[PDB]
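Protein chains: 4
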Amino acid sequence: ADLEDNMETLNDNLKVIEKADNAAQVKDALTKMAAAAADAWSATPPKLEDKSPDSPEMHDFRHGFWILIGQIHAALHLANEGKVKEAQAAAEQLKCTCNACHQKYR
Amino acid sequence: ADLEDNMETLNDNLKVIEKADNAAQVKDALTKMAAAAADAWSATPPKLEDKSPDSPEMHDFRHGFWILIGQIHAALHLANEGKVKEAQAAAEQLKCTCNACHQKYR
Amino acid sequence: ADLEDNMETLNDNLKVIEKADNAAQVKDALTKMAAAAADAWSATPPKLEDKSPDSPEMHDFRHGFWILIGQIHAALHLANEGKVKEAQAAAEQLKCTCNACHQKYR
Amino acid sequence: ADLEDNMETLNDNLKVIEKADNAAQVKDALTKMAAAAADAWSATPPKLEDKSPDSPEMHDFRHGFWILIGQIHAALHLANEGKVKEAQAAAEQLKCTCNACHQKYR
Ligand code: HEC
Ligand code: HEC
Ligand code: HEC
Ligand code: HEC
Ligand SMILES: [Cu+2]
Ligand SMILES: [Cu+2]
Numbered sequence: 001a002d003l004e005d006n007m008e009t010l011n012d013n014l015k016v017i018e019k020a021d022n023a024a025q026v027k028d029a030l031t032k033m034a035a036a037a038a039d040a041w042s043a044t045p046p047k048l049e050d051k052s053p054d055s056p057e058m059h060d061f062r063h064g065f066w067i068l069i070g071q072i073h074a075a076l077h078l079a080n081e082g083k084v085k086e087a088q089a090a091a092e093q094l095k096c097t098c099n100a101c102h103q104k105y106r
Numbered sequence: 001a002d003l004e005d006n007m008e009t010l011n012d013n014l015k016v017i018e019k020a021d022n023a024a025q026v027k028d029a030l031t032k033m034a035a036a037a038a039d040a041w042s043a044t045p046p047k048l049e050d051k052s053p054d055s056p057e058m059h060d061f062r063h064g065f066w067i068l069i070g071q072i073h074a075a076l077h078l079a080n081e082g083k084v085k086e087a088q089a090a091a092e093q094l095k096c097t098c099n100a101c102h103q104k105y106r
Numbered sequence: 001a002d003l004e005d006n007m008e009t010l011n012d013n014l015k016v017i018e019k020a021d022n023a024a025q026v027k028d029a030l031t032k033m034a035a036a037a038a039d040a041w042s043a044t045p046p047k048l049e050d051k052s053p054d055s056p057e058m059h060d061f062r063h064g065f066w067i068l069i070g071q072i073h074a075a076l077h078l079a080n081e082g083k084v085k086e087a088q089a090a091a092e093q094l095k096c097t098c099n100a101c102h103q104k105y106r
Numbered sequence: 001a002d003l004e005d006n007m008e009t010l011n012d013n014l015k016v017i018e019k020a021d022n023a024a025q026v027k028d029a030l031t032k033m034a035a036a037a038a039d040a041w042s043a044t045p046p047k048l049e050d051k052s053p054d055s056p057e058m059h060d061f062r063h064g065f066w067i068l069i070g071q072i073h074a075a076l077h078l079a080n081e082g083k084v085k086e087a088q089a090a091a092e093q094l095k096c097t098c099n100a101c102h103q104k105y106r
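Residue numbers (the deposited numbering), protein chains in the order written: chain B, 1 to 106; chain A, 1 to 106; chain D, 1 to 106; chain C, 1 to 106.
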C-alpha cells in the first residue's frame, strides 16, 4: 500500500487483537500486520526525505520495523501455542516500539 | 494456504533470491516467503496428526516457523538496507532451518 | 561447563525468577539463564553424540538454544521497562522451549 | 556495572571476532558481547538522565540492544553450526546497529 495506509492497517488489527474472540482472530491480525509491516519497512517517511537511505537514521527507522516484526511473530508463537491472553498481551506490550518510532520519526 | 503450496512458494522464492539482481526481488521475494511460512505456522503436518496439537512435538514444530521466519526477516533487514547479495547469503543459510524440519516432521 | 550443569543453572535461575521481587533481581537470572544457554549452545548431549555436527539433527538441537535466548531477551526486554510480572510471565511460556527439546533429545 | 565500560567490551570483542580463524574465538567473543549488551540495556545513558523509564526515548534506546543480541546470537547460530566465514562475515554487519544507536542517543 503506502506508508500512511500501512500504519492504519496496524492500528486496526491491534485493537482487533485486544478485542480478540478466539485464537484465529489474533492469528489473523498478527498475519495482516507483519504483512502490513514489510510494506512500511521499505518506505521513506516524511521527516527523513532528507537523510540518505544509507543513513544511520534510515537503518534505524528501518530497524524499528525489524523489531516490530520480531514482536509480532513472537505474538504468533503464543497464538499458535493455544494461549491468547498471553499473545494478546505481547500485542499490547508492543506499543513500546510503536511510540518509540513515532517519537523519533513522525 | 495448504502446506505443500506454502512450501512451494517458499522453495520458489528461495530460487528467486538465489537468482536475484537487486534490492527489490530479494525484498519482494522474502516478503512473499514471510506470509508463506507465516501461514504454514498453524497448518498441520501429517506425521504429527497422532500428537496432540498442544504437544511438545507440535510446539517444536511450530517453533521452527518462529525461526525460519526470522532468518527471513533478518535477511529482509539487509535486503531493506541495500545489502543485496548478503541478503542472498542470508537466504542460503536459512536452509539449515527448512531441512531441520523435513528431518523430523516430513 | 558441560551439559547437565548449563541446564540446572538454566533451571535454578528459573525458580529464582518466578519468586523474585524486583526487575533487577529478575534481570540478573534472565542474564544467568542466557549466559549459560550460550555455553550450552556448544554442547552435544548423549542422545545426539550419536549423530554428526553437520547433521540437521545437530542443527535443530542448537536451534532451541537460538529460540530460547531469543525469548529470554524478550523476557529481559520487559524487565528493563519496569515490566516484572510480564517478564516473569515470559519466563513461563519460555519453558515450552525447554519442552520442545527435552521431548526430542534428552 | 556502569554502561560506559560495557560499550568498550562490545567494541573490542568485534576486534577479537575479526581476529579469529575458527569457532570458539568467533563463538566466545560474541558470547560476552551479549553479556555486554545485557547489562548496558538497563543503564540510563548520559543523554537521558532527564527522561522517565516509561519514556519513548528510553524504550527505543534500550530496544537497540534488543536487536543487537539478536544480531549477535544470530551470528552465534552460524558460529555453533561451525560456520566461521559466515559468522565473521556476519559479525561485522551488526555494524549498522552499533553506529545506529550512537548517532541517535550517544
Ligand atoms: C525453507 C524455507 C524450505 C523449503 C525450500 C521447503 N520447506 Fe518444507 N515441508 C515440511 C513438511 C513436513 C512437508 C510435507 C508436505 C506434506 O506432507 O504435505 C514440506 C513440504 C515441502 C515441499 C514439497 C512437498 C510436496 O509433496 O510437493 C518442498 C519443496 C518444501 N517443503 C520446501 C517441513 C518444513 C518446515 C517445518 C517447520 C520448515 C520450516 C520448512 N519445511 C521449510 C522449507
Ligand atoms: C529451560 C529453557 C530449560 C530447563 C529449565 C531445562 N532445560 Fe535442558 N536438557 C536438554 C538436554 C539435551 C539434556 C540432557 C541431560 C544430560 O546431559 O544428561 C538436558 C538436561 C536438563 C536437566 C537435568 C540435568 C542432569 O542430568 O543432572 C534439567 C533440570 C533441564 N535440562 C532443565 C535439552 C534442552 C534444550 C535444547 C535446546 C533446551 C532449550 C533446554 N534443555 C532447556 C531447559
Ligand atoms: C518502525 C516505525 C513505525 C512503527 C513501528 C509504527 N509506525 Fe506509525 N508511523 C511511522 C511513520 C514514519 C509515520 C508517519 C508517516 C507519514 O506521515 O507519512 C507513522 C504514523 C502513523 C499514523 C498516521 C497515519 C496517517 O495516515 O496519517 C498512524 C495511524 C500510525 N502511525 C499508527 C501506528 C500504529 C498503530 C503502530 C503500531 C501498530 C505504528 N504506527 C507503528 C512509523 C512507524
Ligand atoms: C542501545 C544503544 C546502543 C547500542 C546498540 C550501542 N551503543 Fe555504544 N553507546 C551508547 C551510549 C548511550 C554510549 C555512551 C556511553 C557512556 O558514556 O555512558 C555509547 C558509547 C559507545 C562508545 C564510547 C565509550 C565511551 O566511554 O564513551 C563506544 C566505543 C561504543 N559505544 C561502541 C559501540 C559498539 C561497537 C556498539 C555495537 C556492538 C555499540 N556501541 C552499540 C549506546 C549504544
Ligand atoms: Cu520494548
Ligand atoms: Cu541493520
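C-beta: ideal position from N, C-alpha, C; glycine also.
Hey, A74(A) and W66(B): beta-carbon distance below 9 Å or not?
Here residue 74(A) refers to the residue found at position 74 when the second sequence is read from its first residue. Here residue 66(B) refers to the residue found at position 66 when the first sequence is read from its first residue. It is a contact, given that the beta carbons lie within the stated cut-off.
Taking the beta carbon of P56(A) as the centre, do at least 16 other beta carbons fall within 10 Å, making it buried, or is it exposed?
Here the question's residue 56(A) lines up with position 56 in the second sequence. It counts as buried.
With burial defined as no fewer than 16 other Cβ atoms inside 10 Å of the residue's Cβ, what is the status of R106(C): buried or exposed?
If you number the fourth sequence from 1, residue 106(C) lands on position 106. With fewer than 16 Cβ atoms within 10 Å of its Cβ, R106(C) is classed as exposed.
Please list, in chain order, the residues of the segment 53 to 81 of chain C that have any C-beta partner in chain D closer than 9 Å.
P53, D54, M58, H59, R62, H63, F65, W66, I69, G70, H73, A74, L76, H77, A79, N80 and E81
Our contact map puts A43(D) next to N99(D) with C-beta atoms below 8 Å; I'd like the distance itself, whole angstroms only.
Translated into the one-based positions of the third sequence, residue 43(D) becomes position 43. Translated into the one-based positions of the third sequence, residue 99(D) becomes position 99. About 18 Å separates the two Cβ atoms, so there is no contact after all.
Looking at C-alpha atoms only, which residue of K104(B), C101(B), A89(B) and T97(B) is the closest neighbour of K15(B)?
Working through the first sequence from its first residue, we reach residue 15(B) at position 15. That would be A89(B), whose Cα lies nearest to the Cα of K15(B).
Those runs of the alpha helix (DSSP H) which lie wholly inside the segment 5 to 66 of chain B and span at least 4 residues:
24 to 41
Could you check whether the Cβ of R62(C) sits closer than 8 Å to any heavy atom belonging to ligand 8?
Absence of ligand 8 is noted for the structure shown, with ligand 1, ligand 2, ligand 3, ligand 4, ligand 5 and ligand 6 being the only ligands found.
Less than 9 Å between the beta carbons of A35(A) and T31(B), yes or no?
Residue numbering aside, residue 35(A) sits at position 35 when the second sequence is read from its first letter. Residue numbering aside, residue 31(B) sits at position 31 when the first sequence is read from its first letter. In this structure, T31(B) lies closer than 9 Å to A35(A) by Cβ.
Kindly indicate the opening and closing residues of the alpha helix (DSSP H) around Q93(D).
For the purposes of this step, residue 93(D) is taken as residue 93 along the third sequence, with counting starting at 1. First-last of the alpha helix (DSSP H) with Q93(D): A87 to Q93.
Measure from the C-beta of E49(B) to each C-beta in chain D and report whether the shortest distance is under 9 Å.
On the first sequence, position 49 is the one that residue 49(B) refers to. Judged by the 9 Å Cβ criterion, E49(B) is not in contact with chain D.
Exposed or buried, which one is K27(C) when buried takes at least 16 other CB atoms within 10 Å?
In the fourth sequence, residue 27(C) corresponds to position 27, counting from 1. By the neighbour-count rule (16 or more Cβ atoms within 10 Å), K27(C) is buried.
Rounded Cβ spacing between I72(D) and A37(D) (contact assumed at less than 8 Å):
Numbered from 1 along the third sequence, position 72 holds the residue referred to as residue 72(D). Numbered from 1 along the third sequence, position 37 holds the residue referred to as residue 37(D). That belief holds up - the Cβ atoms of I72(D) and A37(D) are roughly 7 Å apart, short of 8 Å.
Please tell me whether, using a cut-off of 8 Å, the distance from the CB of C98(C) to the nearest non-hydrogen atom of ligand 4 is below it.
As a first step, residue 98(C) must be located in the fourth sequence, where it is residue number 98. Yes - ligand 4 has a heavy atom lying nearer than 8 Å to the Cβ of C98(C).
Taking C-beta pairs closer than 8 Å, name the residues in chain B that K27(C) reaches, listed in chain order.
If you number the fourth sequence from 1, residue 27(C) lands on position 27. What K27(C) touches in chain B: nothing, since even the nearest Cβ is about 23 Å away.
Contact test: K32(C) Cβ vs ligand 4 heavy atom, cutoff 8 Å:
To locate residue 32(C), count along the fourth sequence from 1; it is residue 32. Answer for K32(C): no, Cβ out of range of ligand 4.
Quick one: grab the DSSP three-state call for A74(B).
The count along the first sequence starts at 1 and reaches residue 74(B) at position 74. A74(B) falls in the helix class under three-state DSSP.
Under a Cβ-count criterion, where at least 16 other Cβ atoms within 10 Å of its own Cβ denotes burial, should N11(B) be classed as buried or exposed?
As a working mapping, residue 11(B) is identified with position 11 in the first sequence. Under this definition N11(B) is an exposed residue.
Closer than 9 Å to chain D by CB, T31(C)
Residue mapping note: residue 31(C) aligns to position 31 of the fourth sequence, counting from 1. Cβ-Cβ to chain D under 9 Å: yes for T31(C).
The segment 91 to 104 of chain D: which residues have C-beta closer than 7 Å to a C-beta of chain B, in chain order?
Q93 and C96
Does the distance from the C-beta atom of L68(D) to that of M58(D) stay below 9 Å?
Here residue 68(D) corresponds to residue number 68 of the third sequence, with the count starting at 1. Here residue 58(D) corresponds to residue number 58 of the third sequence, with the count starting at 1. Against a cut-off of 9 Å, the Cβ pair of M58(D) and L68(D) comes out as no contact.
Note the first and the last residue of the continuous alpha helix (DSSP H) segment covering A100(D).
Counting from 1 along the third sequence, the entry for residue 100(D) is found at position 100. Counting along the chain, the alpha helix (DSSP H) containing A100(D) begins and ends at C96 to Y105.
Using the Cα positions of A79(C) and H63(D), report the straight-line distance between them to the nearest angstrom.
Translated into positions along the fourth sequence, residue 79(C) becomes position 79. Translated into positions along the third sequence, residue 63(D) becomes position 63. If I take the Cα positions, the gap works out to 12 Å.
Please classify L76(C) as buried or exposed, where buried requires at least 16 other C-beta atoms within 10 Å of its C-beta.
Numbered from its first residue, the fourth sequence carries residue 76(C) at position 76. It is buried - the Cβ of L76(C) has at least 16 other Cβ atoms within 10 Å.
Looking only at its chain, what residues have a beta carbon closer than 8 Å to the beta carbon of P53(D), apart from the 5 residues adjacent to it on each side?
On the third sequence, position 53 is the one that residue 53(D) refers to. Hits under 8 Å: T44.
Have a look at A20(D) and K85(D) and give me their C-alpha separation to the nearest angstrom.
Your numbering for residue 20(D) matches position 20 in the third sequence. Your numbering for residue 85(D) matches position 85 in the third sequence. Approximately 10 Å between the Cα atoms of the pair.
Can you find a CB in chain C that lies within less than 9 Å of the CB of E18(A)?
Here residue 18(A) is taken as the residue at index 18 of the second sequence, counted from 1. Closer than 9 Å: no.
Determine, using beta carbons only, whether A89(B) comes closer than 9 Å to chain D.
Sequence index remark: in the first sequence, residue 89(B) carries index 89 (1-based). With 9 Å as the cut-off, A89(B) counts as an interface residue toward chain D.
Quick one, which of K95(C), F61(C), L94(C) and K83(C) has its alpha-carbon nearest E81(D)'s?
Taking the first residue of the third sequence as position 1, residue 81(D) is located at position 81. Among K95(C), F61(C), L94(C) and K83(C), the Cα nearest to that of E81(D) belongs to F61(C).
Leaving aside the five residues before and after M33(C) along the sequence, list all residues of the same chain whose C-beta is less than 6 Å from its C-beta, in chain order.
Stepping through the fourth sequence from its first residue, residue 33(C) is reached at position 33. Result list for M33(C): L10, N13 and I72, in chain order.
Could you tell me the alpha carbon to alpha carbon distance between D2(C) and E92(C), rounded to whole angstroms?
Taking the first residue of the fourth sequence as position 1, residue 2(C) is located at position 2. Taking the first residue of the fourth sequence as position 1, residue 92(C) is located at position 92. C-alpha separation (whole angstroms): 25 Å.
Taking the alpha-carbon positions, what's the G70(A) to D50(C) distance?
Residue 70(A) sits at position 70 when you count from the first residue of the second sequence. Residue 50(C) sits at position 50 when you count from the first residue of the fourth sequence. So the alpha carbons of these two residues sit roughly 35 Å apart.
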